[PDB]
Amino acid sequence: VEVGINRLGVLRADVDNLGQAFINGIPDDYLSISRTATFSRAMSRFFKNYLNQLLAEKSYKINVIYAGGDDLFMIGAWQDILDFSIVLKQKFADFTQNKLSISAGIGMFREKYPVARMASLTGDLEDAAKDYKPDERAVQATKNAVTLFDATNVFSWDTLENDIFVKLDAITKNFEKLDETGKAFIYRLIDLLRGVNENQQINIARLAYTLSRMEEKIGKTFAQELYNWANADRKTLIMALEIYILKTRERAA
Amino acid sequence: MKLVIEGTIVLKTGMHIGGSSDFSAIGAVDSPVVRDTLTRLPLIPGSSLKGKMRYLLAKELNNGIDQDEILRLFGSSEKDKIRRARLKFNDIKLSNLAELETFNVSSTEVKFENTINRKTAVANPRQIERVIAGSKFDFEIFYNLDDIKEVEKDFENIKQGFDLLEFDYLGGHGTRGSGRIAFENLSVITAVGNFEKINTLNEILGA
Amino acid sequence: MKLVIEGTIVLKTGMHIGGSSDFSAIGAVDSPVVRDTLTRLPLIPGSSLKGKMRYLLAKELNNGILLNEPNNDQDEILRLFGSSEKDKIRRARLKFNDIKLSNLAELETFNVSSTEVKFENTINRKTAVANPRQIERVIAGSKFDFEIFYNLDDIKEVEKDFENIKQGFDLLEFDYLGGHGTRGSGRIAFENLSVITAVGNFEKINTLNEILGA
Amino acid sequence: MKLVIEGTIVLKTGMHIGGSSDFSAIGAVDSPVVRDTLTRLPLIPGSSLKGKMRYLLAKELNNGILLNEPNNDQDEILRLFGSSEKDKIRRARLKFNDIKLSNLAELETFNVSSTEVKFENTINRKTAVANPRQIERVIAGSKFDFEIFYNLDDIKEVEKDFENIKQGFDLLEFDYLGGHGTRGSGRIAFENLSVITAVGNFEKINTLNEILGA
Amino acid sequence: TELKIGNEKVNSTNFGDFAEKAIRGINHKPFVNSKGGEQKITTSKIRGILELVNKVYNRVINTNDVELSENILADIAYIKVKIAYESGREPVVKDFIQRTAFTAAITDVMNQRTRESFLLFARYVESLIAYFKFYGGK
Amino acid sequence: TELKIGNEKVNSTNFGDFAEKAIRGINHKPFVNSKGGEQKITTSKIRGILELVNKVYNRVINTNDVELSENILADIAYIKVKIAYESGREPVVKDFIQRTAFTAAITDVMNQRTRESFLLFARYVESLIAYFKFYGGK
Amino acid sequence: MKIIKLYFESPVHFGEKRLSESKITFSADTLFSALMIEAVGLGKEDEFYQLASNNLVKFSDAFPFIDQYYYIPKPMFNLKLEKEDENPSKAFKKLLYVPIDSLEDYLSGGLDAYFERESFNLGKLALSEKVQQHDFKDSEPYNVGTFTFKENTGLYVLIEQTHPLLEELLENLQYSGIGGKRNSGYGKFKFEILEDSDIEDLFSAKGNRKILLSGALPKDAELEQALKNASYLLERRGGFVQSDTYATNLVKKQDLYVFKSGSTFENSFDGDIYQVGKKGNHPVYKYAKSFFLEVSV
Ligand SMILES: [Mg+2]
Ligand SMILES: [Mg+2]
């Protein structure tokens, strides 16, 4: 890879409540050993065979360690892993036609990072995604989520795809003609957005000033769009901005 | 039998230790500094201070002329000589936070540098995160007084290491103006046991 | 041992050695000078001074031609400034430090701040249309008190090392110190230049001081 | 090898380099001249002298006409004043400096300040009504001793470089330096144009002085 | 704290909102000249005032005392004098100072005479400039 | 650090307020000419005095000496002479000088003979210019 | 009984097998080795060993406490026999530590598996990236796995019938550290003895189920009877001998397989201080005594 940060991507996906589906997912009337075997074979053949075939469809830079049953462990270029996470979610949702959900954790590590710690950390992220519960009123976690590089960046799959990826696409399409001072301006935007929690007024003013400085190579309309996002959807905006910085980092790859 | 060497590290020119090569740190700056895991405040790891101090002491005690006075302070496990340690270093947290907020300033900064090609005269910028000068770090170093006849020489060597640090840097791009530190409020107090020669050890540290 | 090279940098002309555009939007120029983050004092980075001095010395010790990489220039330059070559790691003898503005009280006596805004413009040669720009510079007459640590790896080369250090200091006085110096900025002078031993007493310290003195 | 171009700029008429007009106290002249912030001495910025000299020299050297961008000048102009092209970065051989006036004592001998106030009006043609205005000018007779550093890079074209430098100084004497030049201001003269070696000696420094003096 | 802006006060949780509101009210029905307007203010019309405020902010931020010294109060008084100067020099700055009450904030700082009051004033001024840009600019 | 006006006093901090009140008193009761005519002073009327003040301010500020030199005091005394001349030339200028305290402040600068007193005098004249242009202007 | 509350003011490194990983707790053999090293340093290793072997001092291993909530590893109970409803041991699989007082709620069900997990929030793990700087070679990087505790969070050890010698070694252990890279900046804590009466109620009660509260190995004459209606997990204990006067070279001690500190038994056993080093100059001991909390099952 030529553009991005020289980082390995570790993906760990797991179907939510597959054991519950095997216990009581099938209605009691349609319970037989043949139906149970059909469901088991569907799941197993999907994971093993179809993950192989789907990753062979386009030359993803992935190095699948294990697919097996209900689980997944793949290591590759972090951009390819991030791109294939949504493809995996969509293909699983098609295959099950939205009867089972999948949780994933995506870790980002350097090449010489310990493999034991890669596995442990990405498992922790996958557990955090399985801990996803948007409202503290329901019973049992929603579990249909993905964790992005850190246990604080747990987003649902719909949230991830729609919000984060449309924001990342807009940022990419509006930030490609920035200067090398613009990169530092994006860094400052990220720092200000992270600090907004402990600085309500001065920090939003500083963000407005930074957008003012930027709105000469990005346009006034997108500066206003970023300002609106910062006051409405901040954590998604921070996620998209960090992903853009890591994807466009010119420190080899 | 156990002495506590207290003090403060005062940053003079901005200090850059370590690489926090995790997504959170590298997503906001090109080359981050080491932060506390939970509070995210800058710290001086005990390993960094210990290693730089040992390096300077080993240079100075040889000077082209390790040795026992270094192995007994920092330990050894090489092949047959195994001394455990006498100095027990601790991770040094940032002590100046309430003082730094009176200046309406963050504890860390980003230094904009560049390199200019000599064949093509083409420049190339780089950014390094750095802990701002004026930051203070209170440290405790624990000394295990195993020998009564060597404690004075060990503390003389400890003071020499601190002095060599004061005319050197602590972490990162030191020769390019970073990491200059000062030592203030250096004292030693006996934490466990009774030691009547603690006054001369304070005289060595207060020298 | 360790030697501390003291001195003062006096700005003959306004110097723009900065690249920091951070913190307050209180009305700062888009191209501010680098300042100390806590004291807000204008600052001379040790990296800027080291790089300019190494460039001038390496050109002068070649002589007049500097097209090589920084790790391939000269043995004297490598031993003074450091080499990261894969096999031959030559360690820097000089440890430069960031330099803050020292005479702020004297500047406040004259009822002037440490930095100014210099108004410039460019004239379009075809349309004769002027395009103004504003640059911030540290005032001429600003003084920067610096300390550079030199370590005696061996005393057999200290005389030549300090001759080369003085050569570099002289070469900066006939050049600039980072920024739009070709267009009038960045002129500096070195005064009160001296060396002292950090710990102990180097036998030939008076020789080094005489070299540095003149 | 490095060379220093000494000399003096004498104001034949009043000169007006535009100032900041936002920090020169309260109740000062309408359009102030640029001054040194510390000493309050009017100065000729190195950027302005360099720009005027480069424009005149590039126009006269090329064909008598000049419409291109500064980076697309002749080889002599680019090697004297620098270039910032992509694959052709010329390092400028000339380092201009800000020029404060030196003969303040001489001006104070005649009991006159360094700067005057020039009263002008514009008469609206359809109304035949005058619109008075005031500007500040450095008085005629002020002297500005300057220093320009020359990087002696190629021994084979130092004579041509100094011929171009003398030609540019001559062109500046038949033009103005900054300000309302076509309206009587900014006329300057050059004398005591001598080049000296910054360090050591130059074996063709006598030929350089005679082409810089004639 | 509790910096008086004539009509409504500001504090550490308020200054940004009122700065944005004042700037937006600047863009809504802007200044009118004798010849029917219709320009707004520029940075290089209050740049001197901003530089003076920045210098005094640097001086205050290096002092730990809760009460401003007379040497700094002289600087704030000169800031007010200059604000009166460019306010009368051009009416496009006079209404800018009036509606975004620079003078009221300066008077309140000169009355409280405290470090925190001037720090709040400086934060309010920085927010005012920040919202003036990204909406107007120049 | 403190110049006398008579009953009232001017220090390094209250110079602006005193200049403002002096200007406001002038605008509230404008000078009346002989032929029942109200007149407002112009900056060009006292432009020579102001430039003389600024001319010696530049040479005073480039001097880190408490005591003013003999030639600087000669220049300041000549400034006072010019102030008297311009007052005698124009009755409205004389009224402006009398309502303010240019004569009193300049003679107190001559009395104190010190560098800081002249600097505060320059501060006072700057504040008077600022508040004169703030209300009425040229 | 006499809970030794540990307050850590530095990140800790408790290694399982590798320097790049850290666990949030440390075992009872780790604490015993630390105290024995302290006793050797101050010259009464024999007195401490006799105290420990004669049960004068016997301690559990370190457990998390979060805001005066003392936690216990989720016991390996033979329950979940409620074969009708609920999720016994289904959502009780990511739950590693249960509060010691809420153990009766966990026994009969009703403990919220989800709520007990986000409530349990003690610090977070980190990897410290380091090098061995070489002046002319290439610097070799290495990394240390660390755990940092939170503000009102630490570890606690159950000690019954505390001893002056144990208190004296604990004071010295403050200034030597505990865990892996303690001579670097990682072993640093403050301790209190902090007698407690709520916990004493739990340990003064009898029951048909004995929850093992420390890594223990029953002696050969009682292992058979210990393995009777037991629900345990076997854990390997070993590593290199940490001493200056042993073998003149780095040597690993014998691997000892003990019962993990969440195991439940119906037959009580008292373990032993096993000698896992016998070819060196001094004995090397592995504390494997049994600490039991009795419940009704
Ligand atoms: Mg599953
Ligand atoms: Mg699974």
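Structure data summary
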| quantity | calculated |
| --- | --- |
| Theoretical ellipticity at 222 nm over chain G - DSSP helices of four or more residues, -39500 (n - 2.57) apiece, nearest 500 | -5000 deg cm²/dmol |
| Gap separating the Cα centres of the stretch F:6-48 and the stretch G:226-297, nearest whole Å | 96 Å |
| Chain G - Debye-derived log10 I(q)/I(0), Cα point model, q = 0.06, 0.13, 0.15 Å⁻¹ | -0.20, -0.96, -1.28 |
| FRET efficiency estimate (nearest 0.05) - Cβ-Cβ, A:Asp179 to B:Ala98, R0 45 angstrom | 0.75 |
| Cα-projected label distance for F:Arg99 with C:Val129, points at 7 Å along beta-carbon direction, nm | 4.8 nm |
| Charge dipole of the protein assembly as shown about the Cα centre (unit charges at C-beta), most positive-ward option of E:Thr63, B:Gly7, C:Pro132 | C:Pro132 |
| Net charge dipole size for the protein assembly as shown [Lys, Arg +1 and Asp, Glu -1 on Cβ; Debye, nearest 20] | 4740 debye |
| Distance from the stretch C:156-208 to the stretch F:58-109 (C-alpha centre basis), Å | 49 Å |
| Charge dipole magnitude, Cβ of K and R +1, D and E -1 - the stretch C:1-88, Cα centre, debye nearest 20 | 200 debye |
| Sorted by Cβ neighbour density within 10 Å, fewest at the top, the residues F:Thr42, A:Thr159 | F:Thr42, A:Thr159 |
| The stretch B:60-207: Cα Rg divided by the 2.2 N^0.38 Å rule of thumb | 1.37 |
| Isotropic mean projected area of the C-alpha convex hull, the stretch A:105-218 (nm²) | 9.7 nm² |
| Distance from the stretch B:80-106 to the stretch D:113-130 (C-alpha centre basis), Å | 69 Å |
| Solvent-free Debye scattering, log10 I(q)/I(0), computed from the Cα coordinates of the stretch C:124-194 at q = 0.20, 0.28 Å⁻¹ | -0.99, -1.33 |
| Degrees between helix G:28-42 axis and first principal axis of chain G (Cα, 0 to 90, nearest 10) | 40 degrees |
| Chain G: most fluctuating residue of G:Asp272, G:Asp67, G:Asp29 per GNM, C-alpha cutoff 10 Å | G:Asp67 |
| Charged-residue dipole, Cβ positions (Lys, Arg, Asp, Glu), the stretch C:77-175 about Cα centre, Debye nearest 20 | 560 debye |
| Order of F:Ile72, E:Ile79 under a 10 Å beta carbon neighbour criterion, fewest first | F:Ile72, E:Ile79 |
| Relative contact order for the stretch D:64-159, counting Cα pairs under 8 Å that sit 6 or more residues apart, in percent | 27 percent |
| Most mobile listed residue (E:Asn111, E:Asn11, E:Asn64) in chain E, GNM with C-alpha springs under 10 Å | E:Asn64 |
| Listed pairs D:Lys143/D:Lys204; B:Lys50/C:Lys86; B:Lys119/C:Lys86; A:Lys91/A:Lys143; G:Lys80/G:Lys210 exceeding 23 Å between Cα atoms | D:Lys143/D:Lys204; B:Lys50/C:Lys86 |
| Rounded, prolate or oblate (a/c below 1.5 giving rounded, otherwise prolate when a/b exceeds b/c) for the stretch D:85-141 by Cα gyration tensor | oblate |
| Given charges at Cβ of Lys, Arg, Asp, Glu: the protein assembly as shown dipole, positive-most of E:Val125, D:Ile148, F:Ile83 | F:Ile83 |
| 3J(HN,Hα) from dihedral phi, the stretch D:135-147, Karplus parametrisation 6.51/-1.76/1.60, rounded to Hz, x for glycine, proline | 10, 9, 9, 6, 5, 5, x, 5, 10, 10, 6, 10, 9 |
| Per residue convex hull volume, Cα atoms of the stretch B:1-127, in Å³ | 226 Å³ |
| Cα gyration tensor, the protein assembly as shown - rounded (a/c under 1.5), prolate or oblate | prolate |
| Residues G:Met36, A:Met108 arranged by fewest to most Cβ contacts within 10 Å | G:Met36, A:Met108 |
| Sequence-separation-based contact order of chain G, relative, with Cα cut under 8 Å and 6+ spacing, percent | 27 percent |
| Farthest toward positive dipole pole in chain A [+1 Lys/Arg, -1 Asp/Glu at C-beta], among A:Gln20, A:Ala42, A:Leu207 | A:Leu207 |
| MRE, 222 nm, helices only [DSSP H, n ≥ 4, -39500 (n - 2.57), over chain A, to nearest 500] | -15000 deg cm²/dmol |
| Shape call, the stretch C:41-181: gyration tensor on alpha carbons, a/c limit 1.5 | oblate |
| Cut-off of 10 Å, at most 14 other beta carbons, DSSP loop: longest stretch of chain G lacking such GluC sites (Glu not before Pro) | G:196-297 |
| Helix-only CD estimate at 222 nm, as mean residue ellipticity for chain E, using -39500 (n - 2.57) per DSSP H run (n ≥ 4) | -21500 deg cm²/dmol |
| Residue of E:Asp65, E:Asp108, E:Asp75 that the Gaussian network model of chain E assigns the largest fluctuation, springs spanning Cα pairs under 10 Å | E:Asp65 |
| Violating pairs (Cα-Cα greater than 22 angstrom) within the set A:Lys48/G:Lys90; C:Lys118/E:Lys80; C:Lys118/D:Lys95; D:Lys52/D:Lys100; B:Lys52/B:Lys136; G:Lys23/G:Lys279 | A:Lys48/G:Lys90; C:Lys118/E:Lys80; G:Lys23/G:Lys279 |
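Bear in mind these aren't lab numbers, they're just calculated from the coordinates by the rules spelled out. Reconstructed Cβ throughout: ideal geometry from the backbone, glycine too, with neighbour counts over all protein chains shown.
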